[PDB]
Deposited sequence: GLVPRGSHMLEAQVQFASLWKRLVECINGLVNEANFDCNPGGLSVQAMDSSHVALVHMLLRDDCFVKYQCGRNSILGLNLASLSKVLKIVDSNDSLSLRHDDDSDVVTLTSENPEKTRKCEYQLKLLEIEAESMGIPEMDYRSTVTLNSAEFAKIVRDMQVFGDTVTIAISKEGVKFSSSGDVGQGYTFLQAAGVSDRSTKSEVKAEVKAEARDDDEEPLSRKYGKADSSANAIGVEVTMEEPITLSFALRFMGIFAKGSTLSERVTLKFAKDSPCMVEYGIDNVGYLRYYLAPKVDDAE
């Protein structure tokens, strides 16, 4: 429309800061620095734990924000430790505008009350983070179980009293989480209770039984702060995946290698 532009603003603001708070918590659990791809499609974070066993892919679609503006595709490295420290002090119900200028070695967070009587502005030095080394697995999922996010969280926390490894067994009827160790042996069995209305949606293709490091399942289960339900997808000798939907305006997705023997 007879109008050009060489500079950047890259300013996106969410209405309720509680979202960012709850997210960073989740992902800081896994890694302490990460890149923030901002496309016009929305913000993504893709990052892998220092042991290259687990992967976290988070996407916040552009309809997630009350205002969003990412002309070109800039990438922003951030210290998540610091970012968490700042978000810890930001009121849940305040707004939060994340902003970056043309090349400015610094990103800025701006918070404001509903009533406009208080305004906060924090500035973080940015990094410096080498491209992710990749990559996401592809990869087709035979069996799929969906359950209350917080029950899931409880179950991992519970299983950890026994071991540092959980064994997940899927049957059409239900799913069984199992653990062993000094204290003894535990299991929690969840029945599938069909055909409607909400409470465990198994949907397998065959029986399938994999094992996983609880350390990481625990880090993932933090997701329950974002979604009332959570979905786990499995495939034989293949990374499982745990998915937490954000309100149709995004997702948080974790992938973890099975234990091998």
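- Comparing the deposited sequence with the modelled residues, the stretches lacking C-alpha coordinates are 199 to 234, 298 to 300.
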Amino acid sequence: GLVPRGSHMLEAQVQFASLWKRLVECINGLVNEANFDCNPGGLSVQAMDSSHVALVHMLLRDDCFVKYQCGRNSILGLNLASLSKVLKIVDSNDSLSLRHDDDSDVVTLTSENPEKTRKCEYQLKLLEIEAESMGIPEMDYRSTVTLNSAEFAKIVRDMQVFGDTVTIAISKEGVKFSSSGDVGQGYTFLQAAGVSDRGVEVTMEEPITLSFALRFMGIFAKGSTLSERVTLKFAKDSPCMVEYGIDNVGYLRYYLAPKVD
From here on, numbers count along this sequence of modelled residues.
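If you superpose the two forms and keep the largest set of C-alpha atoms that fall within 1.5 Å, you have the rigid core.
- Of the two stretches examined, 129 to 137 and 182 to 190, the one with higher mean CA deviation in 4 other deposited structures of this protein after a rigid core fit is 129 to 137.
- In 4 other deposited structures of this protein, superposed on the rigid core, the segment with the larger root-mean-square CA displacement between 247 to 255 and 9 to 17 is 9 to 17.
- Residue-level annotation: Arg215 has coordinates in all of the other entries compared, counting only those that model residues on either side of it, so it never reaches the one-third mark.
- Not even a third of the other compared entries skip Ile27; each one keeps it along with the residues on either side.
- With 134 to 142 and 70 to 78 compared on mean CA B-factor from the PDB entry, the stretch scoring higher is 134 to 142.
- Averaged over their C-alpha atoms, the temperature factors of 199 to 207 and 218 to 226 are higher for 199 to 207.
- Note on the listed residues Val24, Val242, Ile246, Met9: the highest Cα temperature factor in the record is that of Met9.
- Ranking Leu96, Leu190, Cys120, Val86 by Cα temperature factor from the entry places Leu190 first.
- When the modelled residues of the chain are ordered by C-alpha B-factor, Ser104 sits in the highest third.
- For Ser179, the recorded CA temperature factor ranks within the lowest third of the chain's modelled residues.
- In the PDB entry, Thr110 places in the middle third of its chain by CA B-factor.
- When the modelled residues of the chain are ordered by their C-alpha B factor, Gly29 lands in the lowest third.
- When the modelled residues of the chain are ordered by C-alpha B-factor, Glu173 sits in the highest third.
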